[PDB]
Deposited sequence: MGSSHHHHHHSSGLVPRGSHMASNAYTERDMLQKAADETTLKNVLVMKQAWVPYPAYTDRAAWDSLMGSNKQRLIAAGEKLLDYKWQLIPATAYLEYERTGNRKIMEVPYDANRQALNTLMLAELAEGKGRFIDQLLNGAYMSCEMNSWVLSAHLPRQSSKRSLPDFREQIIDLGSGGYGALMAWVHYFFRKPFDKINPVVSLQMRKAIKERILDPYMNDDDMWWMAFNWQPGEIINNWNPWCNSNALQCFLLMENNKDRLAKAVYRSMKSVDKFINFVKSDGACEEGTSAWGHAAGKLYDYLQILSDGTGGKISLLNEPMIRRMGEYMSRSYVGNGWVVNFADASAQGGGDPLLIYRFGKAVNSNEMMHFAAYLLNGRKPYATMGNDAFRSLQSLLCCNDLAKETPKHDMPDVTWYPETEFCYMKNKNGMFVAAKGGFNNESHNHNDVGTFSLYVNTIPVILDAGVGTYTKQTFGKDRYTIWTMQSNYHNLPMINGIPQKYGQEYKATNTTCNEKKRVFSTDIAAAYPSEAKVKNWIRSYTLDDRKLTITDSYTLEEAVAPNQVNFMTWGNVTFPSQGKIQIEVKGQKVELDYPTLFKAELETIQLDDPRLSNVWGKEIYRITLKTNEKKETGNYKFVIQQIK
């Protein structure tokens, strides 16, 4: 945590008040009643958005019974509530886009139905999240509103529906728009301003607590609601400034190198929602209050490009999946806003030759924003080019590649990272995008979290220990040599009796060389070294391992003092078997030798 306070430095309340754009004149989308301009913006999305609306002409708005909320308390079941909720939210979002697309009034009755139904609900908070209310119960209490991820999203959608359709709604019956205004005030505007204690707001934040994606996510949703629904200038400025203060807490908490330590799947709702907030704030101040030119924000964006190896494979340290991806439309808009050419071409590359279409789902802002960027992204040329080395020195992540298709990811860190795995000093090797030395990733400390099942030694036969203090020391990257080095000794407990253990990775054009150099206090038990892999693993001769997997072939050359064995790991958990298939392997390297000082060299290269 560092006090940058970038937003507060861009303005105080008074300054902000002077640049706030009133009466919703900041809105970038045309008027509902502009068949011509919507037609231009939409292009080929039009027919498709109309077709999606047509499928909802007879959609029955789903009631959420009290028992669905009670179920959270009874059994911890969340989906019984969330499925109908999210179905309603998506229906309302789609209908919005379809009516913007068609403009013939045909989807207005269903929009009005969804909006009216939504006001009758006692709350838009998820059943899993409602226990943060005073009562601590999972059922809505009409006496209190809080804000959560869901309720903020629902609020912003409702605000956008109000914004586009109030005029035709009012013609049918003005009480609908009236009650939407009350609902948004009671469930978003007022709680936001009157309750300092919501955990994601990060006011009263002490060391040891979390600030995560909830902060920029909920603040971006609150901000839209104010910008759309609050027409008093003093009230507006106070809320917007409040949001600036709250987001500063997140910006202060995340490391400047810009790595997202939760991975490429958290990216879209962490960095991605910081971006959204900042786009929203810029738009709302006529671009006068903008952090989109800040280099930390570009680095936070580019993590998504750097961390994406290819064909759906991504770097997956911690409790994260080796298969991931991202929203190419979001990535384009984020890249274009921070002037990352790399991000823009990377978005066109992820399209994998498909035409970009409107984002659906239930996030009104991204849906609407997707409409703006479409023609542009369709014009963008696809490439995934990036430097040979990326070095995140505070997060201690290092990516190194060569022109022959090897990509290595390595890390230092500490055994209390977000969604920790005990993995200080580990690496992952990809060849032509395919994992060859892998990181197992996330189940549904289980074994996937143990250093025993990462690409690491068991020093004196002992694994890494969990804990803040169990950490890398002296992590370095030589960007030009493609050398990563760290001392992992302090990640192990006392009984490991190790003074120093340097693990280093050197990638040249032909090979990856892995070294271990150690000094022990006492040689108690033989070291063991493990590697994780998959596919077709053979042992053609002593000191040699061959790995054949999705068209790739390498050899791992290892010291002849070790005995190599392949351990089969059946994957019954589907969240793992959906990535890797039915089984993966741990190669164990074991020995009878025990010395106080020594070293190992391992060499991985492709072969014919």
| query | finding |
| --- | --- |
| Where the deposited sequence has no C-alpha coordinates (positions from 1, in order) | 1-25, 470-480 |
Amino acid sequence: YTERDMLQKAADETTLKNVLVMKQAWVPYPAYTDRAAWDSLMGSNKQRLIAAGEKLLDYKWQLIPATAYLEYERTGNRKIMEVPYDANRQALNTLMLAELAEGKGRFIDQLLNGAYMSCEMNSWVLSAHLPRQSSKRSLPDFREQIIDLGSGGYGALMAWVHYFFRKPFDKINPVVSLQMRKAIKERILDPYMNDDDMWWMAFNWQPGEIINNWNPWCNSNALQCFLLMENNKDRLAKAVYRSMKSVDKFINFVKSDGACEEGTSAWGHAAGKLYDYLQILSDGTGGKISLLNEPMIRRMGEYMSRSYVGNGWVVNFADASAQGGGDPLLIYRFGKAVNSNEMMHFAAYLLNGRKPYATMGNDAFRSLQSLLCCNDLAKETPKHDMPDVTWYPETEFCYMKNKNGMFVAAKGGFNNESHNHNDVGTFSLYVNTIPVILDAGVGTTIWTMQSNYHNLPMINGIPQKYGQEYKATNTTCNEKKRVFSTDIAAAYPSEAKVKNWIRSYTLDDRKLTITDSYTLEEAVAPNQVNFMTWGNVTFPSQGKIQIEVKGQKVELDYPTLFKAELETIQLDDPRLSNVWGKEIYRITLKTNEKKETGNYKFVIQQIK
From here on, numbers count along this sequence of modelled residues.
{"property": "Of 373-381 and 326-334, the stretch whose C-alpha atoms average the higher B-factor in the entry", "result": "373-381"}
{"property": "Segment of higher mean CA temperature factor, 240-248 or 503-511", "result": "240-248"}
{"property": "Among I146, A409, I210, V175 - the residue whose C-alpha B-factor is largest in the record", "result": "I210"}
{"property": "Peak C-alpha temperature factor (PDB record), options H162, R137, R78, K255", "result": "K255"}
{"property": "CA B-factor placement of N599, once the chain's modelled residues are sorted into thirds", "result": "lowest"}
{"property": "Assigned third (lowest, middle, highest) for the C-alpha B factor of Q605", "result": "lowest"}
{"property": "Among modelled residues of the same chain, the CA temperature factor third for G425", "result": "lowest"}
{"property": "Third assignment of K550 from its chain's C-alpha B-factors", "result": "middle"}
{"property": "Lowest, middle or highest third - CA B-factor, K60", "result": "lowest"}
